[PDB]
Amino acid sequence: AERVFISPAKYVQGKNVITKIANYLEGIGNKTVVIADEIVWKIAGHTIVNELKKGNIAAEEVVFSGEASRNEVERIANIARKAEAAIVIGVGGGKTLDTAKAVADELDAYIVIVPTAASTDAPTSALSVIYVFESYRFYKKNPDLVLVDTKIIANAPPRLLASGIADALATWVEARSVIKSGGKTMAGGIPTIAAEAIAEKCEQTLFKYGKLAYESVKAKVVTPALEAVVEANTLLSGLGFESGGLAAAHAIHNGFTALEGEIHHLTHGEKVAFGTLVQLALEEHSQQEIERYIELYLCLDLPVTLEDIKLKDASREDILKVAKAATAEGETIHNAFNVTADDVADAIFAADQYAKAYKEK
Amino acid sequence: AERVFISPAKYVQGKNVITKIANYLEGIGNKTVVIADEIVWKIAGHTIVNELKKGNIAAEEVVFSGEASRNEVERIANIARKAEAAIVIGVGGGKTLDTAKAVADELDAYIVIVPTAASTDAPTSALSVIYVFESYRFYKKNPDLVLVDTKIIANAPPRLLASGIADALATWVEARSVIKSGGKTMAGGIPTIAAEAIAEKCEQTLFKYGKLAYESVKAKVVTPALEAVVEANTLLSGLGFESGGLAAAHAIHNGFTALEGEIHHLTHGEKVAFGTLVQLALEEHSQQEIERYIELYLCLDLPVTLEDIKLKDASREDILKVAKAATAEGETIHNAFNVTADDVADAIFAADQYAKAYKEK
Amino acid sequence: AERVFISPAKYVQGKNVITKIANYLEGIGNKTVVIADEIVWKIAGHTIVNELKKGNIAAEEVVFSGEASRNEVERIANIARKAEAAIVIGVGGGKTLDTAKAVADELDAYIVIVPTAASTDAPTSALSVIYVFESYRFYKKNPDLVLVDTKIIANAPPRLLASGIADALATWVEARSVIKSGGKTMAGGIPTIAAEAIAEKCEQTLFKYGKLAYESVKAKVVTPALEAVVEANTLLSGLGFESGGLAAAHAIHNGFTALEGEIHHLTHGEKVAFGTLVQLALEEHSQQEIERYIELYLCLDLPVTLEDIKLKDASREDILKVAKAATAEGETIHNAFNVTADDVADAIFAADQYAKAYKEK
Amino acid sequence: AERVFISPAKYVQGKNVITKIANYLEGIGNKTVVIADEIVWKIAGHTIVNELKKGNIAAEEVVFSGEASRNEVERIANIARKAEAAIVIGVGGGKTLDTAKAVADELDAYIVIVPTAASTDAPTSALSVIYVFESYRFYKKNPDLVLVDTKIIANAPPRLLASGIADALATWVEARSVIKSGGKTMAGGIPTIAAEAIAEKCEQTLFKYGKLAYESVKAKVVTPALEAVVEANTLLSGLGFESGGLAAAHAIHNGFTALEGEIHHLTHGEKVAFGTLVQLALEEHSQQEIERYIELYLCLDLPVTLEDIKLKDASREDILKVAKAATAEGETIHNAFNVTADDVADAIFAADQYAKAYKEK
Amino acid sequence: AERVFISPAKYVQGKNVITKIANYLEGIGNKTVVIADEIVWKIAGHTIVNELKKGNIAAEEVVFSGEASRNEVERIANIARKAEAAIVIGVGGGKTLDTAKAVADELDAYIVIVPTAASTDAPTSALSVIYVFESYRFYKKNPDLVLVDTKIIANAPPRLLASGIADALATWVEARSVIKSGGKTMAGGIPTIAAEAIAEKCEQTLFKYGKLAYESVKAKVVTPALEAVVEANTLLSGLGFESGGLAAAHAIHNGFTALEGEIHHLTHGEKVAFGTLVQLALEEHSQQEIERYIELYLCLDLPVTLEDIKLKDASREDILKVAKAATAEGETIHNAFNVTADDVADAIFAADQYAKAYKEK
Ligand SMILES: [Zn+2]
Ligand SMILES: [Zn+2]
Ligand SMILES: [Zn+2]
Ligand SMILES: [Zn+2]
Ligand SMILES: [Zn+2]
Ligand SMILES: [Zn+2]
Ligand SMILES: [Zn+2]
Ligand SMILES: [Zn+2]
Ligand SMILES: [Zn+2]
Ligand SMILES: [Zn+2]
């Protein structure tokens, strides 16, 4: 079969790089539209507009409603049309970035992605989720330019870095399972050797620098350990999951949308952490190998029990709902496993039990 | 400093994938221009046009003159203009592919790169050489789609695969030296961890499957070993040198343009092999480490002495010309070394001597 | 899914154990039918009858026609009926043993299997081949008693021991591929941990004692090395392939029945050797790993090139016939691979080429 | 480039060697000047004069004022002139030893250096610091004779040995960084292989015997462990930093002179310990590698947090002053790093944070 | 006991450093005397004078007679007196360098040592041999400046580099034996840890780069391998033997002066090679360990049998003369061994026999 690898055109990371935005946009154009929510306009939004003005680059300032819906995308796309802007700049978290990508596809515009936290690996990807999760949709392209300012990230909450590490720790576990079973990746074919090298390196980097990166953020300072972890959470994890493959961990994350409740205040990363423990319980690992992950999660104050994810004393019936959704036709778990909803419900309680046993030590 | 990574938008590799060209071009357009020389039109050119016709995709058939000059690029660009084609397809070797990239930049067209041999790592890159070498020039983008058909490659001459392996064996040696010295890559910043993982994996893959891949080609068959080496020669080596960094090996290759003679009938890869031995002689390696490379080159019938590269009994004055050109202001050797032309002339004769000593064993 | 393990009821091996046949049949019965061809009646047949007589055990002496057909089975089954024998004893090579198993199923009789060479792992199994290969058929049970006399085997031709080692060297290669891909075994389910331990031990035993066992046979002596290899060729290889899984190697063996010619004078083992090299060429192994097997085969004077298997200068069309038969619907290659006939034809020429390259060293 | 190695002419170490001073000065002369402060005259000063008298060697007894200034040097140099002494003997700590070296240069006299604690590696060097640090100045030569009496040192305060170990633990960390980056040493060229072997051995010796040496001193006894550590703190650390190279650790030490306060009562060694943690935070080390150093420092009661160095709750503005001074033009940090004052301020808070995290365990 | 380390004040090595001689002599003086024989005046002598003139430095040109005798030293010392030169510069081989050292001691002059081959480790030392060897004599100091130009050395005969490697390969073997037995070094006390680190590193460097350095010289080029070996042959080997200790190898070298004949045309290094094999035969090494040295010697065309050292078919009586001289009272063999002349005669024939046995393989 065919191997396929896709990637954003350019990735740039460093301390204060947001100050060179006008530089990177030189031979591209002079009119842009900038999208961000109220909070982010203060954090980095105004700084970006000011830098663009200094370079004679026009900038239509849009305030993201907060909901990534078709309407909001139609609303913002008209504004850009009117201003006849040829460059779209999305700044902030997940919803804002997906919306910015939808907008760029409508205008066939050059898109710049500027995350304000290294909390998920969605930044570099060509895809998003259509919701209770319903399916994955692809955009026409991966972003043209992803700009990551470590200074901004060293100021974001420590919990958001821990979340990004959790999402990135799922990368090798899931890709490895797709490679072994000969399944397909989101990109369309079997994994390339390039994606395998990137996903495996992603895990080694997190285990080596993860904790030092977490401490750096607590003190709001930029260090080599933080630079390495931010690259892992963004570029390695991004290419690794997209071109390396998804499996059970993210299917479990999706399965949680089948329930209502406080669990939905947790970040994408915190849900993925527990989901990763569930994939490990469905595989053949020794106790020491599983505890190696549990230990790192606790060090980063991430959730490892059903109680931690707001599902204390959940019923078998509740867990079966999650399991049925996670094993739905078309979910990624099928790319690497042959399991039934009942097998998965069983694995959810086993992971909870394994973690409690570790804590009781 | 800032780390930068760039990449072609999509890479697709597999046996007979050329038969799905119309498929990959679906939501892109229906009018294209196809560029190839006389020989390649027979090898794969007509097959591509026929596949495009089957899908109602128009195809202006251009015959590459054979010289990648501004004129040829202006000539072909007009034809595409007239046909109002929105897709450029380059098929064949180096010169044809660079020309196709120049043409796509003029029309701001979507570009598909289809190599007919895995002989150099130029396919995925955003750059070319301006000649006696004068400098490196960047195109506006890395290719949109790189399509690699292993079946076509298993039929190309064994010497061209060996050449591609030689060019790819320079990747880790050069990138490693840039990473250690803190120098910059062609992409603009310091190397990312992603590029380091890819370049190091590139070398491991070649040492493991290189010979089996060479034997596969001799018998004109496609095997897993050939699929791995073709990916290394193209995607790993491509990203590795561009986003990982160049150093002395390719500067020596360029320095050979300072001489006239039969050496210029050798392939880019065969010249890079000797150039790699020269960088190793300028570094601090034990005898066993250098011989590890010499042995693999001989197994692939690649050149390892001045005599093999058509410079038998060359004079110190001749070698100094190569050395002066290789250490020119702006060459890549400066990204990782602090050496003079005289040091480099000395290293050229040492590599020759080390190789003869090995052969005399 | 369910894991399944099956086995013959009892396996007995040792020097001169044929002399205790009357002992093992004590509480079973006193009337038997003994099946063997003309040559084997001399080798061990008469010795068995004589031992049974000494114990007051009746013995109807049947002379196997030489062709394992439904008619021969009906013929022999009547004789046993008439003699009202409750025990069937098959002695000799493959065809005789399969026939004896067919006969025992008709009479619902206790069956004793006594091989006179350790040349294939069919002895302990519950199955046979229905022929140009057409399919695998199961008997109602695995044999009740398998009796292996190392003294008899130390006198059989060295070529037959080498053949048995070849067939046994396919066991781990094939089982490992079924375990990794999650496919099924001949026994019906996924492999047990028991079968995995047995198949892996089978390979370790052959590499450690194979050559010493081969030399023992050349001198017609029984040694610990011979006892270990005879157990590997019979009990380990038998349980390993049946309850561990078949894959590409034996499918290639079957694919050879699609051709006519001198290749059909080779033993089952000699054909399996080449078939094993083909599965390794379809997998991802380094040159050193493949050569480890090639070297051992040459040491045992087993075939490793198309020329050795009587297919010198075979045409692509001839090889495609073998490939099409080997990838037929229902063949075992599908339990561990997703390949086309063309992929397999390519792997057949690669194995030939890899082996020649090794010899040219 | 050129490699350069410099060294004191002779180094002598052992228990009670101060008793053979008259012996070592035999064929040199009979008139000397002895420099020491009030406290040291009691500790070893009078013992040295008495030993010199026994050998008919004249000895002008000078009492060091306590401040190493040009005036004090002019004062003492006249006295030696008047006495027409051809040998200068400095006894005691840092300031006295530097002054003695300045005095010997004025008279072109033979100089003997006799430390009374193994607290810094200044003894063997040809240099001193010109102060708020302003620059490094070289003397005309490295000392002629360095005499180290382990008995005297086993009686000095344990805190001074711990200080010497701290200063010596910076040697390999700094030299290794200069070697990797191709920078220069204080001696003038790139490091020799000799200096690399000495600096690396220095670290291995401290990790093996450091704690046993510390306990020996607490009990005021001379042991092989103490003899090894005293040699590391004096001869290995001395040659290692001078001919091996300085980098960030000592630049941070110098940067502290930009602040006023109680921090200035700490020893040179205690400040270097924290400075070493800062260089490690600017490099790419895993958590375990950094903790290996933190653990040893705590075992020796050395400082590892800003609070320990009297800078509890220091302001970003205060830390920036240290950072600006440490990255001044001409400081040693530039021999191995490309960093800004802001990067260094960030590394100072990271080291503090890493250490607190370790303690909180 | 006391540990003692001595060293030349400054060591400088690099390509063409002879061109900066006037630079290094800046604040020292302007009148010098230059000593060299007829051949060396052409090789480097005139170049040195010319460089000194360019810097307004006077230079009395002396032609070394060729015999290092008291008379020649008195002759040259007068000339320097008359010219009132304050700097002595010795250029060339052994005898010239020792003479220059004797001359500097008479005038109490600053001495610069400039070797034209890296053939022995006498350059940095404070000692010479008084001859049939009679004893070792010390000079008043180790040299002030040792200047090693790798360009000059890359032009000296390959045999002289091999000789220097042989002399340097004796360093660790001899020092290790003194360290283990608790004996003394030439410097006066037991070995320091610094000397042990240097001597051990010396051997590792030779085994890693020795052959590459030998090939570099054959082609007359300067490489990193040559720079490393020249430092080992000069600075590491020099400090290692002087401050690390001599033992049996050099005592055997001295013992050869008891015989007359062609053996005396061999270099100091070639005699030391055989002497090293003899010390190894007197120690407890396995066959593989001894062959590791024999193999390297043969690769460098150094002598390993009595026949190679011009003593073919020597008589027991002849060998006893060498043995008696080598075990003389006061020789260095006693620093590490308790052996009789008869034991040593026996070891000389064993080494010869071991080497022949290796060659006969
Ligand atoms: Zn995720
Ligand atoms: Zn809520
Ligand atoms: Zn290239
Ligand atoms: Zn030509
Ligand atoms: Zn079989
Ligand atoms: Zn036939
Ligand atoms: Zn210090
Ligand atoms: Zn105070
Ligand atoms: Zn010597
Ligand atoms: Zn002679």
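Swiss-Prot numbering applies to chain D: residues 3-133, 138-367, in that order.
Placement of Cβ uses the backbone N, Cα and C atoms for every residue, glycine included.
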Legend entry - Listed co-binder of NAD(+) (same site as D:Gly96, D:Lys97, D:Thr118, D:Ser121, D:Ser127, D:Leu129, D:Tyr133, source Swiss-Prot) among D:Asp39, D:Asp307, D:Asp314, D:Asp319: D:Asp39
Inset, instruction - Figure out which of D:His256, D:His270 sits with D:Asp123, D:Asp173 in the glycerol site per Swiss-Prot. - result: D:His256
Inset, instruction - Among D:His274, D:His291, find me the residue Swiss-Prot lists at the same Zn(2+) site as D:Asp173, D:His256. - result: D:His274
Inset, instruction - May I have the list of same-chain residues other than D:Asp173, D:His256, D:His274 whose Cβ is within 8 Å of the Cβ centroid of the recorded Zn(2+) site, in sequence order? - result: D:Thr122, D:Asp123, D:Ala172, D:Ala176, D:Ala255, D:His259, D:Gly275, D:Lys277, D:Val278, D:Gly281
Inset, instruction - Give me the largest Cα to Cα distance among D:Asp123, D:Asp173, D:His256, the residues the record lists as binding glycerol, in Å as a whole number. - result: 12
Legend entry - For D:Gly96 (NAD(+) binding site), nearby residues of its own chain (Cβ under 8 Å, 6 or more apart in sequence): D:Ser121, D:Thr122, D:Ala124, D:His274
Legend entry - Maximum Cα-Cα separation in Å among residues D:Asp39, D:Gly96, D:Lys97, D:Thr118, D:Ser121, D:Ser127, D:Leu129, D:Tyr133, which the record lists as binding NAD(+): 24
Inset, instruction - Could you check which of the binding-site residues (D:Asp123, D:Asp173, D:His256) sits closest to D:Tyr133 (NAD(+) binding site), going Cα to Cα? - result: D:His256
Inset, instruction - List the residues of the same chain that sit at least 6 positions away from D:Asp123 (glycerol binding site) in sequence and have their Cβ under 8 Å from its Cβ, in sequence order, or write 'none'. - result: D:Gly170, D:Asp173, D:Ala174, D:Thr177, D:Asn239, D:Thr240, D:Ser243, D:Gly244, D:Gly246, D:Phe247
Inset, instruction - Go through the binding-site residues D:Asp39, D:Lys97, D:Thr118, D:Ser127, D:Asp173, D:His256 for me and flag any whose C-beta is under 8 angstroms from a C-beta on chain E. - result: none
Legend entry - Nonlocal neighbours by CB distance (under 8 Å) for D:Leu129 (NAD(+) binding site), same chain, sequence gap 6 or more: D:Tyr142, D:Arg143, D:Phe144, D:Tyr145, D:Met192, D:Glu248
Inset, instruction - Look at the binding-site residues D:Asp39, D:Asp173 and tell me which residue has the greatest number of other C-beta atoms within 10 angstroms of its C-beta. - result: D:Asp173
Inset, instruction - Determine which residues of the same chain, besides D:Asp123, D:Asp173, D:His256, have their CB within 8 A of the center of the CB atoms at the recorded glycerol site, and list them by sequence. - result: D:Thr122, D:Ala124, D:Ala174, D:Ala176, D:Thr177, D:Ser243, D:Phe247, D:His259, D:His274, D:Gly275, D:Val278
Inset, instruction - Work out the three-state DSSP category of D:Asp173 (glycerol binding site). - result: helix
Legend entry - Same-chain residues at least 6 apart in sequence whose Cβ lies under 8 Å from D:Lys97 (NAD(+) binding site): D:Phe66, D:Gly68, D:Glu69, D:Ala70
Legend entry - Close-lying binding-site residues around ligand 7 among D:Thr118, D:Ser127, D:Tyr133, D:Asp173, where CB distance stays under 6 Å: D:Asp173
Legend entry - For D:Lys97 (NAD(+) binding site), the three-state class that DSSP assigns: helix
Inset, instruction - Of D:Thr118, D:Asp123, D:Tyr133, D:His256, the binding-site residues listed, which put a C-beta under 6 Å from ligand 4? Please answer none if none do. - result: none
Legend entry - Alpha-carbon distance [D:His256 (glycerol binding site); D:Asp39 (NAD(+) binding site)] in Å: 27
